[PDB]
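Student: Structure incoming, see below.
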2 protein chains.
Amino acid sequence: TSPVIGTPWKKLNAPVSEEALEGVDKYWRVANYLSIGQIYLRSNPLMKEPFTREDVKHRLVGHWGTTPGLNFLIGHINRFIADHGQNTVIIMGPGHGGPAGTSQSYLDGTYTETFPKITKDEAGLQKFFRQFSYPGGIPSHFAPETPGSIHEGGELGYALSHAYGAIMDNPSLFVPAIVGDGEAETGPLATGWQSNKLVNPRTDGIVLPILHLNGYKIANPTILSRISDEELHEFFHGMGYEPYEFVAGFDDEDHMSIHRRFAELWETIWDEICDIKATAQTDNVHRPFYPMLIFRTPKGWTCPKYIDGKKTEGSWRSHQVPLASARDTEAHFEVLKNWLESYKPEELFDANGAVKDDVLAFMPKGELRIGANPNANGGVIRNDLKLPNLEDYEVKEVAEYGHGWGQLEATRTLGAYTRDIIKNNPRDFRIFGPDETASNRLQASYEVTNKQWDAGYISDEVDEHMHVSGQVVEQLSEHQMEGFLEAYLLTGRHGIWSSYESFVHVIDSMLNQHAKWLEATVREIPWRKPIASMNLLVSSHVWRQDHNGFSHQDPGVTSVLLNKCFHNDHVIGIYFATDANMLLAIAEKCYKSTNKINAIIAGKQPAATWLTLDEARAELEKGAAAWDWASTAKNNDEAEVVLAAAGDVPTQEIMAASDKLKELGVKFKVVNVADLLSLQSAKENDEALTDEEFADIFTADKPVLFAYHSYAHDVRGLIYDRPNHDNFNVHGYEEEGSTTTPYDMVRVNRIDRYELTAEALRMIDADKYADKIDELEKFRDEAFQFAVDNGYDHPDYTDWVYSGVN
Amino acid sequence: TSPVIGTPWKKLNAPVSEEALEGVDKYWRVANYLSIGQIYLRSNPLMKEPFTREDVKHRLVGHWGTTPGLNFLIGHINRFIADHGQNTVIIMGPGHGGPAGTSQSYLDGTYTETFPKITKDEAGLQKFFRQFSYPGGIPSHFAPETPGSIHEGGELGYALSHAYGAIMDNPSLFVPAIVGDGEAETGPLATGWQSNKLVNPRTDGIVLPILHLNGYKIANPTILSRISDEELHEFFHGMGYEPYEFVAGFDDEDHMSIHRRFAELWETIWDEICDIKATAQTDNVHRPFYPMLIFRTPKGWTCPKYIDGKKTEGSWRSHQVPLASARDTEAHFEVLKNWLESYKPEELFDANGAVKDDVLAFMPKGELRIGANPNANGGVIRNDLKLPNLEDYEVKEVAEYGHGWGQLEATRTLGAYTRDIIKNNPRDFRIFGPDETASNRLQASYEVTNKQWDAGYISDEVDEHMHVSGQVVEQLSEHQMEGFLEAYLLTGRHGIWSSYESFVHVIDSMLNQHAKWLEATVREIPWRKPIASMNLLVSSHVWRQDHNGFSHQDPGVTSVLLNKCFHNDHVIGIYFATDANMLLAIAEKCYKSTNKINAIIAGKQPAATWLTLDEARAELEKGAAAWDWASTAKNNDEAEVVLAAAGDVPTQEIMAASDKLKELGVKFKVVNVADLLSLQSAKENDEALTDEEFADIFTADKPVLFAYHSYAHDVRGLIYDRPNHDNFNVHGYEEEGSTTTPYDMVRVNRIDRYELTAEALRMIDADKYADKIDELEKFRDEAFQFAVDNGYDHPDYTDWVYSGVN
Ligand SMILES: Cc1ncc(C[n+]2csc(CCOP(=O)(O)OP(=O)(O)O)c2C)c(N)n1
Ligand SMILES: Cc1ncc(C[n+]2csc(CCOP(=O)(O)OP(=O)(O)O)c2C)c(N)n1
Ligand SMILES: [Ca+2]
Ligand SMILES: [Ca+2]
């Protein structure tokens with residue numbers, strides 16, 4: 001679970017010391033200098049004679065506009081941390097404020113600790129400035145390469161979901177969450193403000209949202225800075241916050257008055273938070289209004305007010321670089337030089353180029369430093385789950401009655417397994433869902449926990465399984481669920497969320513950003529320890545969406561996740577749960593895995609159970625497997641056709657087609673694919689099937705009929721250099737469907753058992769089986785006409801049991 | 001459970017009709033006339049010529065002062081009931097307003113229905129007037145003889161506890177609870193206002209408290225009518241009420257404006273109650289402010305303003321009779337005659353003496369009438385409990401190991417039994433306790449229900465087993481617990497409360513009033529059906545009160561309840577639970593009994609189990625029994641002494657004395673008394689032991705040593721004419737004790753095993769056993785000196801097991 005770090009929720013009981021404020025003001029100057037040096041300078045960091053245009057980088061990359069505001073806030077937060085011993089993680093929402101994050105880590109000493117070549121002297125400072133956003137250096141954003149980041153904030157709008165995920169079951173953790181005022185215009189951010197209705201001030205930590213109201217986004221004003229101050233305050237009060245406003249930099253107030261004013265307001269806010277935390281030790285049934293800070297400052301604060309007659313400080317014109325080419329004109333170089341000198345670096349750095357002791361003597365030390373807090377490197381906190389014994393949940397009836405027995409709902413099995421994970425791993429495992437946990441049949445967890453709800457309660461007739469604390473969280477937002485879980489994992493804990501398949505697409509871009517985090521971490525950031533995997537139960541899938549119908553039918557999550565499978569990163573798992581015993585085997589592998597995004601595509605409809613758990617574990621280790629109990633070919637040369645399937649509904653239709661083929665005497669081989677990346681090119685993926693293993697399973701030369709759960713294009717693209725790939729005939733979802741019966745869903749997508757039987761006969765000999773083929777095609781129209789007439793599927797479809805069942 | 005009666009919680013959605021108000025005004029006139037006729041007249045009810053002083057009763061009994069106010073309220077409540085079809089029971093707090101209750105029942109027709117000689121004509125009216133508070137007639141109060149009463153209100157202060165008990169698990173029931181403003185000065189009433197924190201507006205009914213603020217009690221003003229109106233309103237608002245005030249009769253407003261004003265205010269109050277009930281169908285988690293009515297009217301309203309120069313209307317002088325002897329003076333007779341004529345009875349009664357149709361055409365009909373509502377005759381609602389099978393709870397180990405086995409806490413057994421009663425009888429069985437349910441070990445009921453709590457919730461760390469509805473109610477008030485339960489029983493349901501023994505005395509006077517209700521019901525009121533018994537678990541008794549010590553040691557409940565055992569009423573049960581199996585047998589008998597007060601004196605300390613359930617049921621049927629398995633005499637003539645005991649600690653000491661006597665060779669007989677009234681004179685009590693049964697058990701002539709749980713005076717008084725009673729030697733509590741060890745409690749009261757052994761030897765031969773007697777007395781001082789030295793009782797005391805244990 002989360003470590004208790006420091007002395008949390010302590011009031012100061014004194015004014016902020018004038019010396020600490022002189023610390024904060026020097027911090028802001030030197031962090032601003034070091035932010036500018038990283039953007040503009042390739043050499044001569046301390047502007048020794050001669051400082052000329054040759055010291056300027058040839059291409060200016062990075063963002064000034066948000067940066068001096070972030071440096072201000074970070075300076076004051078560091079003072080706060082050292083004075084109070086508070087366990088603190090910052091969410092840097094305007095993540096293009098990269099130079100502030102790297103400057104912080106350089107000043108707190110964690111940068112040189114982590115990156116020993118970047119020393120705390122003039123040659124290390126030169127390397128520090130050159131490397132920023134440079135070929136072979138470090139990124140422009142607050143990337144996972146930076147000590148202290150858990151959030152790159154490249155794609156905007158997840159700051160608050162990540163902040164609130166971080167503090168769940170983390171009652172000593174304080175998260176100051178800096179939100180762009182442009183970022184507050186996004187969808188995901190806008191709903192993220194309501195997360196305070198889903199956290200509990202006793203059992204969870206505290207988020208302080210900080211609205212970086214600098215007035216501007218890239219080229220536009222921001223909505224929230226142009227509405228009235230009364231509207232802006234009512235807005236935050238309507239969302240359960242008590243808003244505090246700070247305004248600075250729009251007049252000629254000296255910088256030391258600003259710092260005193262801010263430290264006074266910070267400590268007032270903090271006294272309000274400590275009151276909330278102290279009250280919650282007794283009463284955590286009544287939701288407080290949490291503080292939030294509206295930080296109103298000019299964009300690009302302390303850049304030159306006018307460059308070439310255009311307003312730059314307090315404008316969108318300061319967003320990227322205020323000064324656009326200091327290398328090309330003497331005039332513009334002089335502006336850069338005077339700007340760099342306005343921070344007076346002669347007082348900040350000593351003769352050797354180290355930042356002076358009195359600049360940083362207010363800073364926190366040890367694990368309380370922003371770049372050294374374990375919650376910001378949450379792999380160091382994370383332990384293996386205590387997992388229950390997987391055979392306790394095995395469907396034993398396959399071994400009793402035969403492969404293909406029963407009408408179980410496979411996700412109920414996962415639900416019972418996850419219930420006992422939650423029971424064995426209190427405060428360490430969570431379930432998230434967008435109001436779909438019961439619907440996706442995971443509600444056995446309510447026997448051991450509750451849905452965390454901190455809005456109002458009204459009646460025990462409606463409010464079953466809800467409590468102000470609990471390990472299940474539901475809000476109708478895929479962005480919230482994915483974002484909560486992502487930060488729960490990045491801070492060292494574990495969990496799962498579930499979703500209807502077609503709505504996974506809502507968070508495709510969040511999955512992309514989590515995968516780029518993971519890809520960069522496993523390629524090049526070894527000091528960042530492995531975090532628990534992002535586990536996604538994909539249920540209510542396309543084949544059993546014949547009640548919501550056509551516009552809820554999109555299995556396309558698989559195509560998205562296949563674009564993050566390169567360079568042997570192995571950050572993606574794509575798993576088709578064939579039945580409940582395969583779902584168990586998959587779930588245990590995903591629950592033991594680290595540094596991944598695991599998609600688990602499982603049906604929740606009643607379906608057969610095909611495998612025992614020991615067979616499921618064997619198929620899962622390779623990824624695909626022949627089912628010799630289902631083949632009537634007895635090796636690869638007497639097979640006429642290979643019937644392969646990936647997914648529970650393709651498996652059902654292929655197994656029903658193999659029974660009709662067997663009745664015709666045909667010699668075939670049956671294959672199941674549980675793990676989709678096992679089919680990936682053996683050159684590209686060293687966990688995938690070797691080409692010899694692939695040709696034993698599939699064959700060297702026989703026609704393979706392949707029923708696939710998602711778009712056939714996924715498979716055709718993956719097997720492009722596999723042996724015998726020209727003989728594959730992939731059937732997937734093909735954008736057909738309506739609100740209809742289950743048979744009609746498989747029929748219109750050409751994956752029903754009769755079409756698959758017919759396709760196998762056309763592949764074997766379309767001419768000797770011509771009579772029987774015309775017979776199967778006529779039944780397809782007749783079983784559809786039965787559904788229209790009677791209101792339910794034809795009994796030859798619905799009553800079918802595999803012949804292996806005794 | 002409670003019947004749903006009528007159309008509850010319906011708004012009127014129209015003004016009160018002017019015709020109904022003329023009904024109410026005629027009701028008030030005729031009820032006032034009939035109230036005065038009952039007090040003053042023995043003949044000539046309609047004052048036919050000649051109406052003289054001979055028609056006046058020789059002795060004036062009864063109360064005028066509260067009556068015209070009650071008649072006003074009752075008239076308006078009857079109009080309300082007929083207009084809304086509301087299920088309604090009235091609690092008449094000023095129960096000395098008897099004539100209002102009898103007048104109501106006479107006007108609603110239920111009186112003549114119930115009492116066929118009191119007809120609705122002039123001769124029935126004559127009998128109606130003469131019988132009131134007259135030799136061989138009916139009582140002065142709102143007695144159980146009156147249709148519509150569930151509360152005599154003789155002893156004041158239980159109106160609100162009874163009102164709130166009535167509405168528990170009775171969600172269609174409306175209870176207008178009329179509270180005396182003098183009665184509001186009592187202890188029990190003052191805490192009764194807080195009961196609205198213990199009821200739930202969805203699962204329970206609604207009480208409307210009506211403060212009958214007439215300004216005066218017997219001879220004094222009332223506190224609540226002499227404080228400021230701002231204080232009086234703040235007071236009721238502080239207790240969770242929304243107070244409404246009505247003021248009338250202190251000016252010359254005509255009576256029809258008063259009725260319109262009142263009906264408008266009544267319907268506003270009722271619209272507020274219907275809103276509460278409608279809201280509670282959705283949100284019953286948030287406690288509403290319930291309405292209450294402050295009814296401010298002159299005491300004795302419509303009596304002559306001045307009699308003999310003394311203010312009478314609006315004074316305490318109208319409390320009993322305004323006019324003190326209308327039979328002795330022509331002047332005072334004329335005052336009575338003009339008073340009777342002011343109601344203008346010529347318009348109220350027709351030529352035959354029936355009340356005219358237009359007086360009563362507004363009245364409710366059927367079961368909605370006050371005197372016909374089944375909640376006011378709750379024996380008609382009551383069914384037998386579904387009781388679980390008693391052998392499921394039997395301590396089986398007596399039969400395995402021997403009599404005297406174990407260290408069980410007997411009340412835990414009752415707790416498990418009562419849990420499954422509650423489970424089988426939902427909404428029909430309640431437990432009450434004054435914050436003592438867990439302490440008296442009855443907390444197995446929390447496995448199936450909750451403590452009903454409707455004040456604020458703060459935290460799951462403190463608020464375990466609480467819910468806004470549930471079948472256990474706790475408030476630290478014996479008056480509330482006894483009063484809640486009493487009305488739950490009178491409205492047809494069942495239950496139990498428990499108490500520490502010494503605090504039963506707190507409600508001695510409530511037990512007295514319930515017993516007088518029951519005594520009058522079983523003697524003479526056959527139309528009033530049997531109600532479930534008042535069951536009281538008396539635990540933490542005097543012998544195991546050596547931790548609270550001396551001032552918590554009072555077993556005297558038994559002496560109080562022995563004063564209500566006359567004339568074969570059988571309304572009292574006094575039971576000593578010898579062990580857990582006897583407690584089961586007792587509890588089942590009490591749970592099946594009707595029309596009783598059952599005291600069940602049971603220990604909750606670890607103690608031996610003496611009897612099997614089949615033996616316990618045999619002893620319980622007779623009440624006392626010989627224990628032939630424990631005697632060493634083999635009939636009555638070879639016994640030298642009879643060792644009798646009543647109660648678990650006397651049984652333990654007598655069984656330990658019998659083992660030491662056996663070791664000496666003595667021939668004795670052991671008797672246990674489970675039911676105290678079995679010893680009562682066989683002439684007085686036809687359920688008690690016959691004199692021949694008594695002398696078989698006790699003997700004709702042997703010394704009986706009798707260890708009794710409570711004061712020896714109880715037993716000595718009961719056996720005064722029994723055979724061999726001069727040979728009894730009763731040992732009870734004798735007002736000795738301190739905070740001490742359990743042995744020291746029995747030692748200082750001369751009931752410990754060593755003193756009892758010694759007393760038996762003095763009774764047999766004090767001279768041949770003189771050595772061993774001096775030995776036992778010296779050990780008593782030595783086992784006390786051990787406790788002082790070591791801090792716990794001597795091992796010969798604590799480690800003793802009966803020799804019957806294998
Ligand atoms: C989802 C998304 N769309 C577009 C962008 C491009 N972008 C980067 S910075 C930026 C402006 C950000 O504004 P604010 O949130 O206002 O940042 P700050 O001013 O503090 O620089 C935008 C639109 C983005 N990062 N994310
Ligand atoms: C416990 C108790 N003590 C004393 C009395 C005697 N008593 C009877 S009526 C009465 C006055 C009652 O006053 P209120 O409650 O003011 O009645 P109302 O005016 O309506 O007649 C008193 C003191 C009583 N009935 N109960
Ligand atoms: Ca901005
Ligand atoms: Ca009064």
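Here's how to read the names in the structure tokens: chain A, B, ... by the order shown, residue numbers from 1 in each chain, ligand numbers from 1 in the order shown.
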Write out as CSV a residue-level contact list of chain A versus chain B with cut-off 8 Å: for each qualifying residue the closest pair of atoms and the distance in Å to one decimal, counting only C-alpha atoms, rows sorted by chain and residue number upward.
Tutor:
residue,atom,partner,partner_atom,distance
A:282,CA,B:459,CA,6.5
A:283,CA,B:458,CA,4.4
A:284,CA,B:459,CA,5.9
A:285,CA,B:458,CA,5.3
A:286,CA,B:458,CA,7.5
A:457,CA,B:285,CA,7.1
A:458,CA,B:283,CA,4.4
A:459,CA,B:283,CA,5.5
Student: Next, dump the selected residues to file, keeping only C-alpha atoms, as an mmCIF file, in the first residue's frame.
Tutor:
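That gives us again_27.cif:
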data_model
loop_
_atom_site.group_PDB
_atom_site.id
_atom_site.type_symbol
_atom_site.label_atom_id
_atom_site.label_comp_id
_atom_site.auth_asym_id
_atom_site.auth_seq_id
_atom_site.Cartn_x
_atom_site.Cartn_y
_atom_site.Cartn_z
ATOM 1 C CA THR A 282 -14.136 12.095 13.256
ATOM 2 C CA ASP A 283 -16.733 12.942 10.572
ATOM 3 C CA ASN A 284 -16.048 11.682 7.063
ATOM 4 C CA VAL A 285 -19.721 11.334 6.180
ATOM 5 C CA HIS A 286 -20.179 14.988 5.194
ATOM 6 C CA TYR A 457 -27.276 9.472 0.196
ATOM 7 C CA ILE A 458 -31.112 9.362 0.216
ATOM 8 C CA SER A 459 -32.486 5.827 0.770
#
Student: Within 7 Å of ligand 1 (counting only C-alpha atoms and all ligand atoms), which residues show up? I'd like them as a ChimeraX atom specification.
Tutor: /A:65-66,94,96,154-157,179-184,186,212,214,216-218,222,299,319
Student: Please dump the current selection as a PDB file, in the first residue's frame; keep N, CA, C and O atoms.
Tutor:
ATOM      1  N   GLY A  65       5.666  30.488 -22.061  1.00  0.00           N
ATOM      2  CA  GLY A  65       4.527  31.226 -21.512  1.00  0.00           C
ATOM      3  C   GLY A  65       4.038  30.731 -20.167  1.00  0.00           C
ATOM      4  O   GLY A  65       4.028  31.479 -19.210  1.00  0.00           O
ATOM      5  N   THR A  66       3.826  29.439 -20.040  1.00  0.00           N
ATOM      6  CA  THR A  66       3.451  28.854 -18.770  1.00  0.00           C
ATOM      7  C   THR A  66       4.602  28.809 -17.742  1.00  0.00           C
ATOM      8  O   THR A  66       4.319  28.792 -16.571  1.00  0.00           O
ATOM      9  N   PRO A  94      -0.001  21.896 -17.451  1.00  0.00           N
ATOM     10  CA  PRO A  94       0.646  22.455 -18.659  1.00  0.00           C
ATOM     11  C   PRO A  94       2.022  21.842 -18.852  1.00  0.00           C
ATOM     12  O   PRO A  94       3.029  22.403 -18.564  1.00  0.00           O
ATOM     13  N   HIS A  96       3.900  21.093 -21.265  1.00  0.00           N
ATOM     14  CA  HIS A  96       4.829  21.830 -22.099  1.00  0.00           C
ATOM     15  C   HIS A  96       5.655  22.846 -21.324  1.00  0.00           C
ATOM     16  O   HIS A  96       6.543  23.423 -21.908  1.00  0.00           O
ATOM     17  N   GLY A 154       1.285  16.322 -22.166  1.00  0.00           N
ATOM     18  CA  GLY A 154       1.410  16.689 -23.554  1.00  0.00           C
ATOM     19  C   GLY A 154       0.051  16.874 -24.176  1.00  0.00           C
ATOM     20  O   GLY A 154      -0.349  17.971 -24.527  1.00  0.00           O
ATOM     21  N   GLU A 155      -0.696  15.808 -24.216  1.00  0.00           N
ATOM     22  CA  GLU A 155      -2.116  15.881 -24.457  1.00  0.00           C
ATOM     23  C   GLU A 155      -2.855  16.399 -23.230  1.00  0.00           C
ATOM     24  O   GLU A 155      -2.797  15.801 -22.177  1.00  0.00           O
ATOM     25  N   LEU A 156      -3.633  17.432 -23.397  1.00  0.00           N
ATOM     26  CA  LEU A 156      -4.170  18.158 -22.256  1.00  0.00           C
ATOM     27  C   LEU A 156      -5.517  17.638 -21.792  1.00  0.00           C
ATOM     28  O   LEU A 156      -6.288  17.101 -22.568  1.00  0.00           O
ATOM     29  N   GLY A 157      -5.776  17.785 -20.510  1.00  0.00           N
ATOM     30  CA  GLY A 157      -7.059  17.490 -19.918  1.00  0.00           C
ATOM     31  C   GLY A 157      -7.116  16.348 -18.932  1.00  0.00           C
ATOM     32  O   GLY A 157      -8.199  16.060 -18.446  1.00  0.00           O
ATOM     33  N   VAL A 179      -3.519  23.298 -13.330  1.00  0.00           N
ATOM     34  CA  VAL A 179      -4.384  23.142 -14.473  1.00  0.00           C
ATOM     35  C   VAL A 179      -4.218  24.362 -15.354  1.00  0.00           C
ATOM     36  O   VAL A 179      -4.507  25.459 -14.915  1.00  0.00           O
ATOM     37  N   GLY A 180      -3.789  24.168 -16.576  1.00  0.00           N
ATOM     38  CA  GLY A 180      -3.874  25.179 -17.628  1.00  0.00           C
ATOM     39  C   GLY A 180      -5.224  25.856 -17.787  1.00  0.00           C
ATOM     40  O   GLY A 180      -6.204  25.165 -17.635  1.00  0.00           O
ATOM     41  N   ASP A 181      -5.340  27.154 -18.029  1.00  0.00           N
ATOM     42  CA  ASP A 181      -6.694  27.646 -18.208  1.00  0.00           C
ATOM     43  C   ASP A 181      -7.241  27.320 -19.597  1.00  0.00           C
ATOM     44  O   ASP A 181      -8.428  27.179 -19.727  1.00  0.00           O
ATOM     45  N   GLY A 182      -6.367  27.119 -20.575  1.00  0.00           N
ATOM     46  CA  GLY A 182      -6.756  26.480 -21.806  1.00  0.00           C
ATOM     47  C   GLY A 182      -7.090  25.019 -21.614  1.00  0.00           C
ATOM     48  O   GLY A 182      -8.093  24.555 -22.113  1.00  0.00           O
ATOM     49  N   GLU A 183      -6.298  24.310 -20.838  1.00  0.00           N
ATOM     50  CA  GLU A 183      -6.571  22.911 -20.541  1.00  0.00           C
ATOM     51  C   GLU A 183      -7.928  22.718 -19.861  1.00  0.00           C
ATOM     52  O   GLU A 183      -8.605  21.738 -20.110  1.00  0.00           O
ATOM     53  N   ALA A 184      -8.352  23.658 -19.041  1.00  0.00           N
ATOM     54  CA  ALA A 184      -9.683  23.643 -18.463  1.00  0.00           C
ATOM     55  C   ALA A 184     -10.836  23.746 -19.481  1.00  0.00           C
ATOM     56  O   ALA A 184     -11.955  23.420 -19.130  1.00  0.00           O
ATOM     57  N   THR A 186     -10.949  21.657 -22.036  1.00  0.00           N
ATOM     58  CA  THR A 186     -11.148  20.348 -22.635  1.00  0.00           C
ATOM     59  C   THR A 186     -12.277  19.592 -21.936  1.00  0.00           C
ATOM     60  O   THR A 186     -12.652  19.885 -20.813  1.00  0.00           O
ATOM     61  N   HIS A 212      -4.132  27.701 -13.409  1.00  0.00           N
ATOM     62  CA  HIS A 212      -3.088  28.568 -13.959  1.00  0.00           C
ATOM     63  C   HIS A 212      -3.723  29.548 -14.952  1.00  0.00           C
ATOM     64  O   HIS A 212      -3.587  29.437 -16.160  1.00  0.00           O
ATOM     65  N   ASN A 214      -3.593  32.226 -16.689  1.00  0.00           N
ATOM     66  CA  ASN A 214      -2.717  33.228 -17.234  1.00  0.00           C
ATOM     67  C   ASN A 214      -3.387  33.974 -18.378  1.00  0.00           C
ATOM     68  O   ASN A 214      -2.775  34.814 -18.971  1.00  0.00           O
ATOM     69  N   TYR A 216      -4.529  33.024 -21.479  1.00  0.00           N
ATOM     70  CA  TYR A 216      -4.194  32.712 -22.864  1.00  0.00           C
ATOM     71  C   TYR A 216      -3.847  31.236 -22.936  1.00  0.00           C
ATOM     72  O   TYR A 216      -3.421  30.629 -21.993  1.00  0.00           O
ATOM     73  N   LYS A 217      -4.138  30.667 -24.080  1.00  0.00           N
ATOM     74  CA  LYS A 217      -3.747  29.400 -24.607  1.00  0.00           C
ATOM     75  C   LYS A 217      -2.792  29.754 -25.764  1.00  0.00           C
ATOM     76  O   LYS A 217      -1.965  30.642 -25.567  1.00  0.00           O
ATOM     77  N   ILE A 218      -2.721  28.954 -26.823  1.00  0.00           N
ATOM     78  CA  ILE A 218      -1.695  29.174 -27.858  1.00  0.00           C
ATOM     79  C   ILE A 218      -1.842  30.534 -28.535  1.00  0.00           C
ATOM     80  O   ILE A 218      -0.905  31.304 -28.592  1.00  0.00           O
ATOM     81  N   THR A 222      -8.540  32.716 -22.983  1.00  0.00           N
ATOM     82  CA  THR A 222      -9.189  31.567 -22.406  1.00  0.00           C
ATOM     83  C   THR A 222     -10.550  32.006 -21.902  1.00  0.00           C
ATOM     84  O   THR A 222     -10.683  33.097 -21.380  1.00  0.00           O
ATOM     85  N   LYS A 299       0.699  35.896 -18.675  1.00  0.00           N
ATOM     86  CA  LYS A 299       1.357  34.819 -19.387  1.00  0.00           C
ATOM     87  C   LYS A 299       2.766  35.242 -19.792  1.00  0.00           C
ATOM     88  O   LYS A 299       2.978  36.367 -20.205  1.00  0.00           O
ATOM     89  N   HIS A 319       3.643  32.376 -25.715  1.00  0.00           N
ATOM     90  CA  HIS A 319       3.327  30.963 -25.490  1.00  0.00           C
ATOM     91  C   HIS A 319       4.510  30.045 -25.779  1.00  0.00           C
ATOM     92  O   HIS A 319       4.950  29.294 -24.925  1.00  0.00           O
TER      93      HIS A 319
END
Student: So which residues of stretch 715-805 of chain B fall under alpha helix (DSSP H) by DSSP, listed as a ChimeraX atom specification?
Tutor: /B:715-718,742-748,753-765,770-790,795-798
Student: Do you know which residues are at most 8 Å from stretch 483-496 of chain A counting only C-alpha atoms, after dropping those on the same chain fewer than 5 positions away, and could you put them as a PyMOL selection string?
Tutor: chain A and resi 1-2+150+158+161-168+374-383+385+428-432+510+514+531-537
Student: Between atom CA of residue B:267 and atom CA of residue B:92, what distance in Å does the model show, to one decimal?
Tutor: 20.9 Å
Student: Check the DSSP output for the backbone and give back, as a ChimeraX atom specification, the residues of stretch 622-790 of chain A in strand (DSSP E or B).
Tutor: /A:624-626,641-646,668-673,675,704-708,728-731
Student: Give me the residues within 10 Å of residue B:342 as a ChimeraX atom specification, counting only C-alpha atoms and dropping any in the same chain fewer than 6 places off.
Tutor: /B:29,33,302-304,336
Student: Could you save those same residues with C-alpha atoms as a short mmCIF file (atom, residue, chain, number, x, y, z; two decimals), in the first residue's frame?
Tutor:
data_model
loop_
_atom_site.label_atom_id
_atom_site.label_comp_id
_atom_site.auth_asym_id
_atom_site.auth_seq_id
_atom_site.Cartn_x
_atom_site.Cartn_y
_atom_site.Cartn_z
CA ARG B 29 -71.40 22.70 21.93
CA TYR B 33 -72.95 20.03 27.20
CA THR B 302 -66.78 28.77 27.85
CA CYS B 303 -67.37 28.29 31.66
CA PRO B 304 -68.72 31.48 33.35
CA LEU B 336 -75.14 25.97 36.46
#
Student: So that I can check the surroundings of residue A:552, please list as JSON, numbers by chain every protein, DNA and RNA residue that reaches within 9 Å of it, counting only C-alpha atoms and ignoring chain neighbours fewer than 6 positions away.
Tutor: {"A": [500, 501, 502, 503, 541, 542, 545, 546]}
Student: Print the selection's residues with C-alpha atoms to a file, as a PDB file, in the first residue's frame.
Tutor:
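Final output, result37.pdb:
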ATOM      1  CA  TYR A 500     -18.186  -1.853 -23.117  1.00  0.00           C
ATOM      2  CA  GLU A 501     -16.049  -2.539 -26.113  1.00  0.00           C
ATOM      3  CA  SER A 502     -17.294   0.244 -28.410  1.00  0.00           C
ATOM      4  CA  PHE A 503     -16.763   2.905 -25.766  1.00  0.00           C
ATOM      5  CA  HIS A 541     -18.578  -6.834 -27.264  1.00  0.00           C
ATOM      6  CA  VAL A 542     -19.693  -6.452 -30.881  1.00  0.00           C
ATOM      7  CA  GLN A 545     -24.540  -5.925 -29.046  1.00  0.00           C
ATOM      8  CA  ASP A 546     -27.588  -6.986 -31.024  1.00  0.00           C
TER       9      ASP A 546
END
Student: So that I can see what lies close to residue B:63, please list as a PyMOL selection string the residues with an atom at most 8 Å from it, counting only C-alpha atoms and leaving out residues fewer than 6 positions away in the same chain.
Tutor: chain B and resi 39+96-98+319-321
Student: How would the residues just chosen look if you wrote them out with C-alpha atoms as an mmCIF file, in the first residue's frame?
Tutor:
data_model
loop_
_atom_site.group_PDB
_atom_site.id
_atom_site.type_symbol
_atom_site.label_atom_id
_atom_site.label_comp_id
_atom_site.auth_asym_id
_atom_site.auth_seq_id
_atom_site.Cartn_x
_atom_site.Cartn_y
_atom_site.Cartn_z
ATOM 1 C CA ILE B 39 -70.072 16.007 35.909
ATOM 2 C CA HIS B 96 -58.481 13.650 33.637
ATOM 3 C CA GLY B 97 -60.361 15.073 30.646
ATOM 4 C CA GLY B 98 -62.400 11.897 30.812
ATOM 5 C CA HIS B 319 -59.395 22.878 36.980
ATOM 6 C CA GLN B 320 -61.748 20.555 38.773
ATOM 7 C CA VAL B 321 -65.198 22.154 38.827
#
